[PDB]
Amino acid sequence: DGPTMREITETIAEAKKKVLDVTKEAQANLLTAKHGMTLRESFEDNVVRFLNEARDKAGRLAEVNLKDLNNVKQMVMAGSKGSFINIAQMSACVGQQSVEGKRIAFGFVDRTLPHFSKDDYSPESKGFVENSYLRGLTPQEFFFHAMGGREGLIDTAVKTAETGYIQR
Amino acid sequence: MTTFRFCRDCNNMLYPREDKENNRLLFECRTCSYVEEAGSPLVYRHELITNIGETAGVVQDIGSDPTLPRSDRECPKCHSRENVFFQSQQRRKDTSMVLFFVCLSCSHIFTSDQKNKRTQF
Amino acid sequence: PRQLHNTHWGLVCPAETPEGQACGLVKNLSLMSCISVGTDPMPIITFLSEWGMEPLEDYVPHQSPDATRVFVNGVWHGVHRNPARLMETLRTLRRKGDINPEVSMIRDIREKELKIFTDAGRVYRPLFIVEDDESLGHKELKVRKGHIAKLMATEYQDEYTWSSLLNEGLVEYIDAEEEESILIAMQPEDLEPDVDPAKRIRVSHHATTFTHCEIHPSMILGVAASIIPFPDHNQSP
Amino acid sequence: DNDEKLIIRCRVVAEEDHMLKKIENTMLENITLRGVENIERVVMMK
Amino acid sequence: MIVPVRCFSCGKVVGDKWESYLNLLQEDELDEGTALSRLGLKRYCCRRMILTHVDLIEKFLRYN
Amino acid sequence: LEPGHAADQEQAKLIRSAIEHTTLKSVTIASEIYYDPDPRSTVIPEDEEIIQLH
Amino acid sequence: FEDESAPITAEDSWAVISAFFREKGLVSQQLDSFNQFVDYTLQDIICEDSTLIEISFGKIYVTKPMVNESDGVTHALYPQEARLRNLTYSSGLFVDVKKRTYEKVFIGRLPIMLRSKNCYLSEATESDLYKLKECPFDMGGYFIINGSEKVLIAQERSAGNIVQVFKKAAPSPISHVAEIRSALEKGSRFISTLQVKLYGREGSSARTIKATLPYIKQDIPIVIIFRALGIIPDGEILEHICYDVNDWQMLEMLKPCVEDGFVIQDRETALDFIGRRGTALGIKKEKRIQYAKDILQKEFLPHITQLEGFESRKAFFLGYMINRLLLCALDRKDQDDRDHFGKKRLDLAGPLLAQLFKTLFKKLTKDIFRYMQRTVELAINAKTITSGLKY
Ligand SMILES: [Zn+2]
Ligand SMILES: [Zn+2]
Ligand SMILES: [Zn+2]
């Protein structure tokens, strides 16, 4: 729905504002860590909760809005194929990509790609993919989601091999 | 805050020696028989929490670096609003996320650090 | 080594790698990457000392502390006290051909280093050059419509060519290492200063410092992934 | 404790700045103040 | 390699329409869709047949 | 925690600080060696007070 | 009339990309690299060990492509026939040799890459490609070896001539190392590793720095290496390292280094210290001192210079590396990112074929001084090259 989309897009806009305060807050040195956890580790743990909480609300939003005759929903309800995360990412938002448990890292000096300026910890700069699949990814998103994806292709081959040796 | 001395003749480094009699600090050389009286009584310092290097890189041409973000903050000195800004250039795990701004007219450095203990940088 | 690194942007495809053991170690060049063949550094070396470069045997750090270190293939050849002059003229010379196009030159402004590499094996790609100015107001891409026509006249006659684009300084080849010192626009319209509910969200130019712009983002892909329709609507695996 | 700055000042009891910078090193690292070896962080959770 | 004889899906002959389709474009200047509908290929299955043919034989004939 | 005092946030801190390993190092801002020859007064303006207690 | 100065838009990209691809095609990485081999690397392989102990090689010519026949003999080869015949789309190499006294010419077959300048197909037109039975869409960039089409796959390696710093894990007695892999475009492709090591972990007692030179069997205190290079006084030594007189933290880290070389106060001594660690007992002082000089002048940072007057240049570059090691130890700079693609180099046909034909030209030139060390008094093995390539 057009109305669902606007609600999804605000859902997402609010999370980016939460992020923006937590940012300004750490930027002024006002933020506290708590107990053996670094300031920057605190900051990241908080922005990633924010961004995940957004992805999720956005996706609950889309689920609700689809009707019983929605055939994706009809599969999920039966149990035969698909789950919430799939609705969500197709229809509402794909969300934060990650490599080794963390937001996309600065592999250029102080930046994730040359299209950004230095010291950028914002959602977009570190791998939040705001768009759904339907809508399409931007180029930067596209590349961070492939980073993501590659890590599971790798992790998958390592799993399969580790698992088989265990099993024997 | 140690400052380092060398032999006026040899240019090798100088080492501390107590003038047992008169209770004073000398630096001697181990190569010449040169000596000189010590300028301070501090011979050694170890900072466990340091700030040396937060500001490394502020250079005449900082502003021609197209990668740096810019803002419209005003400076304490020039009242100008042409800055570039960065984070701490120490590369610590345990660093703050505070910002360092460089006035591009008057070259004054200042921070967004509301608990500023810092005079210099 | 197996992971997709940020630095492979534009140079290797982010999608094409085999499954299994070779995952991540076999790669494929992006459709527009190229690889340097190597070129001799001696005229650049000679040039630099024509332009002020002071030799190492003269260098006295305590007396010239603000000095930029100049490196060429890996070798410290000396020190320069206005690298900005030197850098504007190096670039001008490579945008005209006098320095070969496949040479790489990086000034690191805060690190007070200027490094140049004329060796083979470096992989690179082209981008549009963005220049203030104009006269007309903002920063603008150096190519303009009249260039494009000359291009399309040539296509249709089947003489203004890719090289004519290098020679006139409209396009320049950039490798990973020089990529670190630039700021690139993703689409030409990030340069100019009620949206469609069905378009994707894009996060605007909060940038007035661009130095270059992508030719097209779909050029990050390699041969194989260039045949998938709408890959930007697919889960990455 | 009242004192505003916390300062420890130590001296030994003939070449004497080596003992000092090793002594310093013992200070800093092999002196258990509180706690139990091997346990690096501890976190409360409810 | 050469126009297929019929629409794979509906059986309509379509192998007697290639010369005409190509005449209709280069000689009478119609856009591909108007041209197809003039040959009476009106279901999307037949349209796909002509529109996406690729006459490889034209290359194959260049060898000796 | 001990059966009584298991929902005292403040008896769990105490517990935390009795266990968590702590060295001089974790509390120490900087160390210095000075030549300060005369152990009954001092070259350091600030510790006049400290010395003044012996 | 549409303004010639008007700014472009997104669609107009495709015009510039088409132009790239009319020029370059899709496989220029292959072509450009073979072309440069042919045109420049080849000849440069010849002018390194040109001369022996006299006999000296000058110019190369590269044939178009041809075959040694079964009977009726030597013949232009097009690629369609080499495929079909299990042939090897090769050309031959002729040098220009000279005898002179002190006490044309075939040398081989080079497999040639399709659509290189040397291959017939690069000048051909579309009709010419059909007569030749080659598809006008084929793009080249591969070789035909015994009838089979063979491609070389680019190989990725690290660059040489780059300083890298690394921390090292926990049980190790060194905590950081800085490393370069010194190398050559001119000389050979001889690869010395310098390492610069900081000993003792974070607050050990006297953390020191020492470096690993080639053939020298002990790590050498860095100030001893500065003295063997002629930079004597602590003061001048530390100014090649710490280019900022108020960084009292770096300089306090180089004090243990000053102690560690305190015993050696002049260059002769310093060389000797080093020479002894590279020679057997019994070797005389002068010969030791010269051993150390030759190691430093030739096998220590040889990407700098391998010739005599070049000691200020090496010193500074050693200094720089130790500055880089310390800046990491001091937690001012991060350990170097071994994954940054810019520090990688990918090796294609040219370079791959020059590692080979250099190696092999140095066999071939060693079979020449055995027509000549057993000559008690134009007699050359061609095939060693031909078949080393093909093999
Ligand atoms: Zn002296
Ligand atoms: Zn100011
Ligand atoms: Zn049909």
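Protein chains in written order, with the UniProt record's numbering: chain A, 672 to 839; chain B, 1 to 121; chain C, 511 to 668, 678 to 712, 722 to 765; chain D, 1231 to 1243, 1254 to 1286; chain E, 1 to 64; chain F, 1120 to 1173; chain G, 18 to 70, 89 to 138, 164 to 437, 446 to 459. Every residue gets a Cβ at the ideal spot worked out from N, C-alpha and C, and that includes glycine.
Of the residues G:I63, G:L122, G:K403, the one whose Cα lies closest to the Cα of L112 of chain G is G:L122.
About 6 Å separates the beta carbons of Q114 of chain B and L701 of chain A, which is inside the 8 Å limit, making them a contact pair. Taking a cut-off of 8 Å for Cβ pairs, the segment 746-757 of chain C and the segment 519-528 of chain C touch, as three or more such pairs fall below it. Taking the Cβ atoms as the reference, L566 of chain C lies roughly 5 Å from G588 of chain C, within the contact range of under 8 Å. Per DSSP, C103 of chain B is one residue of the beta strand (DSSP E) stretching across 99-103.
For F360 of chain G, the three-state secondary structure derived from DSSP is coil.
Residues lining ligand 3 by the Cβ criterion, that is a Cβ closer than 6 Å to any of its heavy atoms, are E:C7, E:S9, E:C10, E:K12, E:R43, E:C45, E:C46 in chain order. With the criterion set as a beta carbon lying under 7 Å from some beta carbon of chain C, the UniProt zinc finger region "TFIIS-type" (71-111) of chain B has no members that meet it. For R726 of chain A, the uninterrupted alpha helix (DSSP H) segment begins and ends at 710-735.
Inclusion of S80 of chain B in the 6 Å shell around ligand 2 follows from its C-beta lying nearer than that to a non-hydrogen atom of the ligand. In summary, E801 of chain A is buried, with 16 or more beta-carbon neighbours lying within 10 Å of its beta-carbon over all protein chains present.
Excluding five sequence positions before and after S96 of chain B, the CB atoms of its chain that fall closer than 8 Å to its own CB belong to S88, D113, given in chain order. Residue-level contact check: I297 of chain G does not touch chain C, since none of the beta carbons of chain C fall below 7 Å from its beta carbon. Here the distance from the Cβ of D326 of chain G to the nearest heavy atom of ligand 1 is not below 6 Å.
Under the DSSP assignment, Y63 of chain E falls outside any beta strand (DSSP E); it carries neither an H nor an E label.
Within the DSSP bridge table, the entry for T253 of chain G names G:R241 as partners. DSSP links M101 of chain G through a beta bridge to G:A111, G:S125. The DSSP-derived three-state label of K115 of chain B is coil.
Of all residues in the segment 47-60 of chain B, those with a C-beta nearer than 9 Å to a C-beta of chain G are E47, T50, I52, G53, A56, reading in chain order.
Each residue's CA atom was taken as its position, placing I364 of chain G and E371 of chain G some 10 Å apart. A contact between stretches requires three or more CB pairs, one per stretch, nearer than 8 Å, and the segment 759-766 of chain A meets this requirement with the segment 727-740 of chain A. Every unbroken stretch of the beta strand (DSSP E) spanning 3 or more residues and falling wholly within the segment 575-662 of chain C is given here in chain order: 578-582, 585-590, 614-618, 623-627, 633-641.
Shortest gap from the CB of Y15 of chain B to any heavy atom of ligand 1: 6 Å or more. The beta carbons of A414 of chain G and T58 of chain G sit about 5 Å from each other, so the pair counts as a contact at 8 Å. Around the C-beta of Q811 of chain A, 16 or more other C-beta atoms lie within 10 Å, and the residue is accordingly described as buried.
Residues of chain G with a Cβ closer than 7 Å to the Cβ of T3 of chain B are, in chain order, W308.
The beta carbon of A663 of chain C sits no closer than 7 Å to any beta carbon of chain G.
For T26 of chain G, the chain C residues whose C-beta falls within less than 8 Å of its own C-beta are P707, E708, listed in chain order. CA-to-CA, the gap between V731 of chain C and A684 of chain A works out to about 12 Å. Counting other Cβ atoms within 10 Å of its Cβ, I1138 of chain F stays below 16 and is therefore classed as exposed. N1278 of chain D counts as exposed, since fewer than 16 other beta carbons sit within 10 angstroms of its beta carbon. In the three-state reduction of the DSSP assignment, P1164 of chain F falls in the helix class, which pools H, G and I.
Rounded to whole angstroms, the gap between the alpha carbons of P636 of chain C and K41 of chain G is 12 Å.
Judged by the Cβ position, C544 of chain C fails to qualify as a neighbour of ligand 2 at the 6 Å threshold, every heavy atom of the ligand being at least this far. Going by DSSP, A1149 of chain F is part of the beta strand (DSSP E) stretching over 1149-1153.
At a cut-off of 6 Å, the beta-carbon of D9 of chain B counts as near ligand 1: some heavy atom of the ligand is closer than that.
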